[PDB]
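>>> I would like the atomic coordinates for the input below:
(one chain, ligands or ions: 3)
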Amino acid sequence: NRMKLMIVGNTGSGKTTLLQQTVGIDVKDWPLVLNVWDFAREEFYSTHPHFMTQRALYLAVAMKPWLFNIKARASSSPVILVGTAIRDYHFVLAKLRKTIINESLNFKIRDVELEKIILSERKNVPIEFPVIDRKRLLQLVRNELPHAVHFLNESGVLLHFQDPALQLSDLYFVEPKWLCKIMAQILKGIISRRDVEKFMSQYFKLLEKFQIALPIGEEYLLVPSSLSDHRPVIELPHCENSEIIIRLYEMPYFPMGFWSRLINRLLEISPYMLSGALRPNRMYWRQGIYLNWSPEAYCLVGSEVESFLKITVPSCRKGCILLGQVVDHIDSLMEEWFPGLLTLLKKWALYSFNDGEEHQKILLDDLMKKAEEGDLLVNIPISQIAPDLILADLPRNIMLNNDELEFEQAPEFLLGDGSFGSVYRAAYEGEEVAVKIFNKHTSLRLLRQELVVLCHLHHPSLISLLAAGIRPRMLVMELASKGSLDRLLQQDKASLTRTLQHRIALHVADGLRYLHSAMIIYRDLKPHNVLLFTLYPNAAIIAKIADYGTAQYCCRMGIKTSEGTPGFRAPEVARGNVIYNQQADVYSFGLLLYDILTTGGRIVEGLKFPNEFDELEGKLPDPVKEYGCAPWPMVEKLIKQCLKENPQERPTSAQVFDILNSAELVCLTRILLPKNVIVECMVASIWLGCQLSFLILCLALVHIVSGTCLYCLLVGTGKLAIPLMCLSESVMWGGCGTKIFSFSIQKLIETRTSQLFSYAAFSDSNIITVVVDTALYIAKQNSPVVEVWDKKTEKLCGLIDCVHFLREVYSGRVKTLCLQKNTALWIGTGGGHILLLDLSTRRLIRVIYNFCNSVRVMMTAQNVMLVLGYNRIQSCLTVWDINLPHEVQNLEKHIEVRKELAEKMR
Ligand SMILES: C[C@@H]1CN(c2cc(-c3n[nH]c4ccc(OC5(C)CC5)cc34)ncn2)C[C@H](C)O1
Ligand SMILES: Nc1nc2c(ncn2[C@@H]2O[C@H](COP(=O)(O)OP(=O)(O)O)[C@@H](O)[C@H]2O)c(=O)[nH]1
Ligand SMILES: [Mg+2]
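Numbering: from 1, shown residues only. Ligands and ions are numbered 1, 2, ... in the order given. And now the structure:
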């Protein structure tokens with residue numbers, strides 16, 4: 001019986017006095033318990049075009065923007081007019097009171113659970129500054145919580161803004177009267193944070209999310225709702241008809257919150273309107289913005305006096321560019337936030353044949369019709385009246401020379417089905433290209449959106465444009481030499497090597513990072529939209545992103561409309577009620593990486609079992625167990641991170657690219673052991689010691705002898721038998737006590753000569769391992785320094801310090817050594833770090849961090865590299881691909897090569 005009453009109207013009308021029978025939304029209670037929200041001069045309109053819900057009854061008190069917001073938020077809701085989908089219209093007392101009760105009772109018919117306990121708990125809890133965090137103990141004391149909180153929010157008990165692009169999900173506003181008085185008392189109109197602070201970290205963030213206090217600079221807040229109600233005297237550098245371009249936007253009324261929204265949109269993009277980054281001059285009068293880069297490049301967006309919106313730009317190249325980008329941004333803003341004007345909106349293009357005569361206007365649709373069969377207006381080119389219809393504002397190097405195009409559009413020339421078009425195989429300028437054709441009932445808006453994406457962003461991981469036209473309305477971009485990723489996943493499963501699919505993932509992550517850095521949300525990532533140019537893993541370009549027909553500007557305000565293919569979209573996008581940030585793209589990339597790791601897998605199952613693919617996406621199986629793929633540790637972890645319900649828990653695209661940009665990720669191949677099971681030695685199925693295990697001082701695989709050291713059959717205690725602790729063959733050598741010894745006793749190299757260099761304690765220590773190579777690498781107990789000696793001279797050659805490398809990049813004390821045939825040295829420090837040194841140049845290739853807490857024993861098997869470590873107790877067994885140093889070098893070189901391309905494509 002909890003009904004919501006919202007008395008909306010124009011200030012003064014005496015609607016507050018109407019109920020009794022100015023500083024923000026009020027609230028009262030009436031007995032059928034009625035929750036009344038009494039709304040309130042005109043500054044609050046852009047502050048609360050939000051608090052309408054759906055389960056409420058409206059009482060309008062001839063303002064039409066109010067009705068426009070009502071019919072756009074709560075479509076099915078009674079609206080009773082009172083004098084001083086309309087259901088009744090009364091005039092002014094008690095007779096209308098019965099109508100309200102009758103309408104409220106009929107509204108429930110025209111339009112229970114464990115709620116009532118959480119409702120009471122949230123209502124009966126008083127705190128100062130009432131908003132509270134995720135206080136789960138209040139429900140613990142007394143998969144269904146976000147389904148009850150939503151109902152309570154839609155009932156007036158509290159407000160929970162769970163929209164991803166608000167960052168207010170964690171905190172819960174109690175007794176929502178307070179949030180309608182502290183958020184609406186901040187309001188010539190350029191006040192600073194210092195003054196606000198004298199009346200707060202989340203408070204400033206909360207204000208800007210509601211279009212109340214925009215950030216125009218440090219310690220500065222724009223506060224659009226408080227700007228002057230009249231424009232100053234602007235005298236533009238050009239006043240002749242032939243020198244300016246004018247376009248009007250005629251509306252029945254300005255939507256509630258339209259101008260603050262437009263100002264926010266325009267001031268965020270102004271640095272990048274010419275280049276795509278120099279700041280212009282800006283002015284504000286609450287119904288317009290003046291941008292000014294020069295007397296030749298400016299932009300005046302205002303509102304003449306119904307409800308027209310004028311855009312004035314100079315009639316030059318930079319003026320046309322600014323006009324095009326302002327029109328595109330206004331159209332995008334209207335599509336995102338004001339659906340209902342798209343017809344309630346009329347667009348006029350102003351033109352004149354001779355200078356000095358009155359301006360006459362033509363409807364933009366008629367002008368587009370005339371431009372579809374010509375580029376001149378017959379009683380004065382169209383490029384001077386509406387340059388954006390013929391793409392005259394875009395760069396001239398991407399204009400379609402229709403005489404150089406050999407395009408068939410045959411069913412056998414099809415390449416794929418785009419978002420709103422169809423890509424075909426064609427030839428342009430004597431080259432193999434791909435042409436996208438929009439299907440019959442499309443407008444210039446889709447072309448212009450995909451051109452916004454394709455024209456100003458150049459990245460080695462984004463599809464490149466070659467030409468664009470309007471008469472056939474195509475997009476010639478380029479031909480991917482190897483097709484889409486879906487075809488590779490479902491047909492050519494054999495060519496997908498590990499190092500190739502890692503590059504495929506990395507190139508898509510890099511493209512997403514760049515797309516997000518330019519305030520663009522892709523909104524649909526799938527193997528179909530990922531294009532492959534080569535299957536050679538060492539190439540710089542392996543994967544690109546195409547089909548930008550669903551991409552849209554995603555500024556700090558977010559995006560509301562829902563786009564994306566079922567099964568490749570974030571969970572917050574499937575339920576098209578919240579407004580989401582660019583983390584949906586991160587979730588889509590997580591799904592795509594899951595697909596890459598599992599190859600066909602869930603895609604093959606979804607083409608077999610539809611309408612369950614999208615339902616399973618809120619939990620999906622383990623990649624390894626479900627489809628039997630080879631384990632890819634630290635990539636399954638990234639998949640789990642990217643496949644999280646909370647968008648804020650998900651990493652950003654830059655973080656995903658950073659995680660993927662590591663050779664530890666690709667060369668890792670990690671097996672944990674039971675808790676409190678310590679391992680001393682292992683041999684290669686793998687045999688382990690402790691008690692002899694399988695998956696005691698020494699072991700050996702004799703083609704299993706169990707013991708200080710043992711080789712497949714020499715035994716060392718320090719009495720050797722065909723304290724001694726070292727023996728290796730590469731000739732066979734060894735080490736006894738604190739001196740190196742050899743035999744084919746052949747060469748007793750007593751090693752206390754090195755006491756002069758380094759500490760004597762490190763010099764005179766028991767030997768741990770000896771390595772046989774052109775040189776002699778020796779490390780001792782608790783020795784952060786590895787000694788290098790020459791067999792030919794039986795003399796020291798030089799000492800290397802692991803502590804030096806560790807500090808340059810941490811126990812540092814050497815525990816084990818292993819030599820790789822590619823001239824790389826593996827050293828296991830006392831901590832959980834691994835050092836890769838080139839044997840020749842003595843240079844640090846890379847240090848392995850976050851691996852473990854301590855390294856015990858290290859060896860190689862078959863070709864992989866076995867490292868055993870502790871976690872001080874828990875011991876872990878880790879398998880590293882033995883191509884790790886070369887992979888580090890190749891990955892860093894590849895990153896540099898394709899990074900010097902991103903700064904050259906611009
Ligand atoms: C196998 C065959 C298939 N092929 C392609 C090419 C493409 C392609 N190229 N360029 C494009 C630009 C855009 C584009 O928009 C998509 C993603 C909407 C389909 C596709 C392509 N997409 C699939 N297959 C190229 C030939 C050589 O190989
Ligand atoms: N005498 C009289 N005063 C009215 C009438 N309607 C409105 N008012 C005046 O309008 C004021 C109410 O303003 P109100 O509409 O509640 O402001 P709002 O809540 O911010 O929209 C009261 O002070 C009344 O004096 C009316 O029919 N008769
Ligand atoms: Mg009032």
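>>> give me the neighbour count for residue 40.
21 (other CB atoms under 10 Å). (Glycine included, C-beta is placed from N, CA and C.)
>>> what's near enough to touch it?
Going by CB atoms under 8 Å, 6 or more residues apart in numbering, residue 40 touches 11, 22-26.
>>> quick one: which of these is most hemmed in?
Greatest neighbour count in those, by other CB under 10 Å, goes to residue 25: 21 neighbours.
>>> hmm, that residue is touching residue 179, no?
No. Between residue 25 and residue 179 there is no contact, the gap being 9.0 Å when judged by CB atoms under 8 Å.
>>> closest one of the contacts of residue 40 to residue 344?
Within these, the smallest distance to residue 344 is 24.9 Å, found for residue 11 (CB to CB).
>>> restricted to strands, list the contacts of residue 40.
Judged by DSSP state E, strands contain the following of these: residue 26.
>>> for the contacts of residue 40, give me CSV that also has distance to ligand 2.
Formatted as CSV, these follow (distance: CB to the nearest ligand atom, whole Å):
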residue, distance to ligand 2
11, 4
22, 4
23, 8
24, 9
25, 10
26, 8
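>>> from the contacts of residue 40, which is closest to residue 83?
residue 11 (16.0 Å).
>>> buried residues of stretch 81-89, list them for me.
Buried residues in stretch 81-89, counted by 16 or more other CB atoms under 10 Å: 81-82, 87.
>>> select from those residues every entry located in strands.
Checking the buried residues of stretch 81-89 against DSSP E, those in strands are 81-82, 87.
>>> now the protein against ligand 2: closest residue?
Residue nearest to ligand 2 within the chain: residue 14 (2.4 Å; CB to the nearest ligand atom).
>>> give me the spatial nearest neighbour of that residue, chain neighbours excluded.
Distances taken as CB to CB, 6 or more residues apart in numbering put residue 84 closest to residue 14, at 5.8 Å, once the chain neighbours are dropped.
>>> was I right to think residue 37 contacts residue 15?
No. Under the criterion of CB under 8 Å, residue 37 makes no contact with residue 15, lying 11.5 Å away.
>>> which neighbours do those two share?
residue 7.
>>> check which helix or strand residue 865 maps to.
Following DSSP states H and E, one finds residue 865 within strand 864-870.
>>> any idea which element the residue of the chain found nearest ligand 3 lies in?
Nearest residue of the chain to ligand 3: residue 16, at 3.3 Å (CB to the ion). Using DSSP H and E, residue 16 sits within helix 15-19.
>>> then residue 333?
helix 317-337.
>>> helix or strand next in line after that helix, which one?
Per DSSP H and E, the first helix or strand lying C-terminal to helix 317-337 is strand 346-351.
>>> which positions within that following strand qualify as buried?
346-351.
>>> thinking again about what came up before, just checking, the residue of the chain closest to ligand 3 touches residue 27?
No. Assessed by CB under 8 Å, residue 16 is found out of contact with residue 27, at 11.9 Å.
>>> what residues are shared contacts of the two?
residue 38.
>>> mind giving me the packing neighbours of the host helix or strand of residue 365?
Assigned by DSSP H and E, residue 365 falls within helix 364-371. Counting contacts by 3 or more CB pairs under 8 Å, 6 or more residues apart in numbering; DSSP states H and E, helix 364-371 is packed against strand 346-351, helix 382-385.
>>> contacts for that helix?
247, 347-349, 377, 382, 385-386, 389-390, 444, 470.
>>> now, the most widely separated pair of the residues you listed?
348 and 470 (20.1 Å).
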